[PDB]
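Novice: Before we start, here is the structure in question, set down as structure tokens.
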Amino acid sequence: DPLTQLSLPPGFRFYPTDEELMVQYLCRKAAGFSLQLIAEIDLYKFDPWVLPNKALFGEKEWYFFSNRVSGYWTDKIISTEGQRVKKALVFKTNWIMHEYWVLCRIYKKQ
Amino acid sequence: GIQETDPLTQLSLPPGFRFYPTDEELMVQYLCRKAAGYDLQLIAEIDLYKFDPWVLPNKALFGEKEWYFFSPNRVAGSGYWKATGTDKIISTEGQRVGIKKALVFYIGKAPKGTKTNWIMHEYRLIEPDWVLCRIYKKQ
């Protein structure tokens with residue numbers, strides 16, 4: 001478990017912004033992670049509900065590098081520094097995927 | 001002396017890690033722990049009611065859009081903090097109850113001072129000696 005070894009103080013979480021995800025992770029995946037908090041997974045060898053286990057960490061959301069495949073799956077222009085470089089999906093279920101090698105947040109709703 | 005470290009984060013926190021505490025954390029891990037007597041120090045002790053809200057950000061050891069403080073209607077600097085909406089209860093197993101109270105800053109006398117966007121959430125424990133406050137600006 002990587003999070004424990006970061007000696008993270010009570011209340012310190014991973015609340016990344018759509019901008020940070022772009023530049024610091026996705027962009028950094030070309031030639032880029034000292035401690036790879038989010039790993040690779042072929043996200044569609046799977047049904048939404050078991051991914052959390054194979055995420056390296058997470059309480060309520062999970063992040064992965066990756067009508068598509070027991071079931072199947074408006075995006076807004078993200079800009080950084082006023083210069084541009086995300087898509088929402090559903091599995092019908094509380095199972096939501098955020099799409100940004102691509103970077104995805106998965107979480108359960110309501 | 002030889003090096004003594006400075007206010008902030010040492011933590012080499014991986015890009016993406018805020019301090020987004022939950023109401024339970026602020027209660028248990030901070031407010032309660034302070035109130036018990038602890039000490040990686042993270043939340044500034046400050047008399048909030050000494051200062052205008054906009055001078056505050058610089059006094060928190062960190063914070064991008066908000067600032068936590070421990071502090072020992074009411075009146076502060078050029079104005080006054082106004083209680084708001086309804087206080088919200090927080091209960092931690094097995095025991096402690098704390099109240100989040102919401103307040104807004106007004107410049108001037110009491111009535112009828114002129115409203116601002118300065119918001120304060122105040123976390124206080126209930127017992128039979130501090131408060132914990134989030135300060136931030138609306139919008």
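Following the order of the structure tokens, first chain is A, next is B, and so on, with residues numbered from 1 inside each chain and ligands from 1 in the order they appear.
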Within 6 Å of chain A, which residues belong to chain B? Use only C-alpha atoms and report them as a PDB file with N, CA, C and O atoms, in the first residue's frame.
Specialist:
ATOM      1  N   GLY B  16      -1.758  16.259  -6.930  1.00  0.00           N
ATOM      2  CA  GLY B  16      -3.151  15.824  -6.843  1.00  0.00           C
ATOM      3  C   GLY B  16      -3.679  15.682  -5.433  1.00  0.00           C
ATOM      4  O   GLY B  16      -4.884  15.586  -5.218  1.00  0.00           O
ATOM      5  N   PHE B  17      -2.784  15.687  -4.457  1.00  0.00           N
ATOM      6  CA  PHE B  17      -3.208  15.524  -3.080  1.00  0.00           C
ATOM      7  C   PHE B  17      -3.497  16.838  -2.353  1.00  0.00           C
ATOM      8  O   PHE B  17      -2.585  17.512  -1.876  1.00  0.00           O
ATOM      9  N   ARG B  18      -4.770  17.205  -2.261  1.00  0.00           N
ATOM     10  CA  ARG B  18      -5.175  18.244  -1.329  1.00  0.00           C
ATOM     11  C   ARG B  18      -5.209  17.733   0.104  1.00  0.00           C
ATOM     12  O   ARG B  18      -4.849  16.589   0.417  1.00  0.00           O
ATOM     13  N   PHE B  19      -5.643  18.650   0.954  1.00  0.00           N
ATOM     14  CA  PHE B  19      -6.149  18.399   2.253  1.00  0.00           C
ATOM     15  C   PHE B  19      -7.621  18.714   2.091  1.00  0.00           C
ATOM     16  O   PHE B  19      -8.005  19.877   2.102  1.00  0.00           O
ATOM     17  N   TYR B  20      -8.436  17.684   1.882  1.00  0.00           N
ATOM     18  CA  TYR B  20      -9.889  17.799   1.846  1.00  0.00           C
ATOM     19  C   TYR B  20     -10.356  16.952   3.024  1.00  0.00           C
ATOM     20  O   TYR B  20     -10.598  15.753   2.867  1.00  0.00           O
ATOM     21  N   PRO B  21     -10.441  17.550   4.230  1.00  0.00           N
ATOM     22  CA  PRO B  21     -10.938  16.786   5.367  1.00  0.00           C
ATOM     23  C   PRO B  21     -12.446  16.670   5.357  1.00  0.00           C
ATOM     24  O   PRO B  21     -13.155  17.511   4.778  1.00  0.00           O
TER      25      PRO B  21
END
Novice: Write out as a PyMOL selection string all residues of chain A that backbone DSSP assigns to strand (DSSP E or B).
Specialist: chain A and resi 12-14+40+61-65+79-80+83-84+87-90+95-99+103-108
Novice: Tell me which protein, DNA and RNA residues are within 8 Å of residue A:77, counting only C-alpha atoms, leaving out same-chain ones fewer than 3 positions away, and put them as a list in words.
Specialist: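 Residues near the query, excluding close chain neighbours: residues 84, 85 and 86 of chain A.
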Novice: Measuring between only C-alpha atoms, which one of A:18, A:69, A:1, A:52 shows the shortest distance to residue A:87?
Specialist: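 Closest candidate: A:18.
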Novice: From the DSSP assignment of the backbone, select every residue of chain A that is alpha helix (DSSP H), and format the answer as a ChimeraX atom specification.
Specialist: /A:18-20,27-29,51-54
Novice: Which residues are near residue A:96? Cut-off 6 Å, only C-alpha atoms, ignore same chain within fewer than 5 positions. Put them as a PDB file with N, CA, C and O atoms, in the first residue's frame.
Specialist:
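Below is the file that was written, selection-v7.pdb:
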ATOM      1  N   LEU A  89     -19.439   8.442 -19.082  1.00  0.00           N
ATOM      2  CA  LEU A  89     -20.057   7.183 -19.503  1.00  0.00           C
ATOM      3  C   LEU A  89     -20.858   6.537 -18.375  1.00  0.00           C
ATOM      4  O   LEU A  89     -20.612   6.804 -17.197  1.00  0.00           O
ATOM      5  N   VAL A  90     -21.794   5.672 -18.772  1.00  0.00           N
ATOM      6  CA  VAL A  90     -22.672   4.904 -17.879  1.00  0.00           C
ATOM      7  C   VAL A  90     -22.608   3.412 -18.263  1.00  0.00           C
ATOM      8  O   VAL A  90     -22.367   3.094 -19.429  1.00  0.00           O
ATOM      9  N   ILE A 106     -13.276   5.907 -12.236  1.00  0.00           N
ATOM     10  CA  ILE A 106     -14.480   5.123 -12.100  1.00  0.00           C
ATOM     11  C   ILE A 106     -14.952   5.359 -10.676  1.00  0.00           C
ATOM     12  O   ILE A 106     -14.124   5.468  -9.767  1.00  0.00           O
ATOM     13  N   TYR A 107     -16.272   5.473 -10.499  1.00  0.00           N
ATOM     14  CA  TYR A 107     -16.909   5.488  -9.168  1.00  0.00           C
ATOM     15  C   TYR A 107     -18.381   5.028  -9.219  1.00  0.00           C
ATOM     16  O   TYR A 107     -18.992   5.016 -10.298  1.00  0.00           O
TER      17      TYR A 107
END
Novice: Rounded to one decimal in Å, what is the spacing between atom CA of residue A:46 and atom CA of residue A:59?
Specialist: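 So the answer is 19.4 Å.
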Novice: Considering only C-alpha atoms, state which residue in the set A:99, A:2, A:22, A:110 is at the smallest distance from residue A:56.
Specialist: A:2
Novice: Would you mind reading off the distance between atom CA of residue A:79 and atom CA of residue A:28, one decimal, in Å?
Specialist: 16.1 Å
Novice: Compile the contact shell of residue B:30 as a PyMOL selection string: residues with an atom at most 10 Å away, counting only C-alpha atoms, same-chain residues fewer than 2 positions apart removed.
Specialist: (chain A and resi 10-11) or (chain B and resi 21+24-28+32-39+42-43+70+132)
Novice: Might you pull out every residue within 6 Å of stretch 116-127 of chain B, with only C-alpha atoms counted and same-chain residues fewer than 2 positions away left off, and present them as a ChimeraX atom specification?
Specialist: /B:97-106,131-138
Novice: So that I have them on file, write out the residues from the current selection with N, CA and C atoms, as an mmCIF file, in the first residue's frame.
Specialist:
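Result file is part16.cif:
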data_model
loop_
_atom_site.group_PDB
_atom_site.id
_atom_site.type_symbol
_atom_site.label_atom_id
_atom_site.label_comp_id
_atom_site.auth_asym_id
_atom_site.auth_seq_id
_atom_site.Cartn_x
_atom_site.Cartn_y
_atom_site.Cartn_z
ATOM 1 N N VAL B 97 -19.976 15.107 20.237
ATOM 2 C CA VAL B 97 -20.840 15.831 19.303
ATOM 3 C C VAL B 97 -20.300 17.204 19.095
ATOM 4 N N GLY B 98 -20.247 17.596 17.832
ATOM 5 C CA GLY B 98 -19.728 18.881 17.447
ATOM 6 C C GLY B 98 -20.730 19.569 16.567
ATOM 7 N N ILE B 99 -20.615 20.883 16.487
ATOM 8 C CA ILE B 99 -21.545 21.651 15.715
ATOM 9 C C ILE B 99 -20.807 22.431 14.670
ATOM 10 N N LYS B 100 -21.197 22.252 13.423
ATOM 11 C CA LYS B 100 -20.701 23.155 12.403
ATOM 12 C C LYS B 100 -21.683 24.313 12.323
ATOM 13 N N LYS B 101 -21.166 25.523 12.511
ATOM 14 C CA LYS B 101 -22.012 26.710 12.467
ATOM 15 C C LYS B 101 -21.458 27.509 11.314
ATOM 16 N N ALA B 102 -22.359 28.116 10.544
ATOM 17 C CA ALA B 102 -21.993 28.864 9.360
ATOM 18 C C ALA B 102 -22.131 30.390 9.601
ATOM 19 N N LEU B 103 -21.145 31.163 9.149
ATOM 20 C CA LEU B 103 -21.163 32.582 9.372
ATOM 21 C C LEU B 103 -20.708 33.373 8.186
ATOM 22 N N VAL B 104 -21.240 34.578 8.023
ATOM 23 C CA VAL B 104 -20.855 35.411 6.890
ATOM 24 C C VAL B 104 -20.326 36.770 7.340
ATOM 25 N N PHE B 105 -19.330 37.313 6.667
ATOM 26 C CA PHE B 105 -18.759 38.554 7.118
ATOM 27 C C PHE B 105 -19.482 39.782 6.608
ATOM 28 N N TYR B 106 -19.712 40.748 7.488
ATOM 29 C CA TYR B 106 -20.276 42.053 7.128
ATOM 30 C C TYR B 106 -19.358 43.143 7.601
ATOM 31 N N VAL B 131 -11.961 26.492 18.958
ATOM 32 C CA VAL B 131 -12.839 26.201 17.825
ATOM 33 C C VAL B 131 -11.938 26.011 16.628
ATOM 34 N N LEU B 132 -12.486 25.358 15.612
ATOM 35 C CA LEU B 132 -11.784 25.071 14.393
ATOM 36 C C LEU B 132 -12.619 25.713 13.330
ATOM 37 N N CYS B 133 -11.996 26.534 12.483
ATOM 38 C CA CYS B 133 -12.731 27.242 11.426
ATOM 39 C C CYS B 133 -12.186 27.053 10.031
ATOM 40 N N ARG B 134 -13.074 26.831 9.079
ATOM 41 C CA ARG B 134 -12.655 26.884 7.721
ATOM 42 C C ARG B 134 -12.970 28.294 7.371
ATOM 43 N N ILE B 135 -12.027 28.983 6.740
ATOM 44 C CA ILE B 135 -12.323 30.256 6.071
ATOM 45 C C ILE B 135 -12.146 30.091 4.575
ATOM 46 N N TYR B 136 -13.074 30.681 3.817
ATOM 47 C CA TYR B 136 -13.010 30.704 2.365
ATOM 48 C C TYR B 136 -13.853 31.867 1.792
ATOM 49 N N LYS B 137 -13.772 32.082 0.464
ATOM 50 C CA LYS B 137 -14.485 33.157 -0.231
ATOM 51 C C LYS B 137 -15.410 32.572 -1.265
ATOM 52 N N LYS B 138 -16.662 33.030 -1.273
ATOM 53 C CA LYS B 138 -17.679 32.511 -2.166
ATOM 54 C C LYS B 138 -17.352 32.884 -3.591
#
Novice: Find the residues near residue A:44: any atom within 10 Å, counting only C-alpha atoms, skip ones fewer than 6 places away on the same chain, and give them as a list in words.
Specialist: residues 66, 68, 69, 70, 71, 72 and 73 of chain A
Novice: Between atom CA of residue A:47 and atom CA of residue A:91, measure the distance and give it in Å to one decimal.
Specialist: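 Straight-line distance from atom CA of residue A:47 to atom CA of residue A:91 works out to 8.7 Å.
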Novice: Which one of B:2, B:46, B:89, B:107 sits closest to residue B:72 if you count only C-alpha atoms?
Specialist: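 Between B:2, B:46, B:89, B:107, the residue approaching residue B:72 most closely is B:46.
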Novice: Find, counting only C-alpha atoms, the residue in B:110, B:31, B:40, B:8 that gets nearest to residue B:81.
Specialist: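 Closest to residue B:81, using only C-alpha atoms: B:110.
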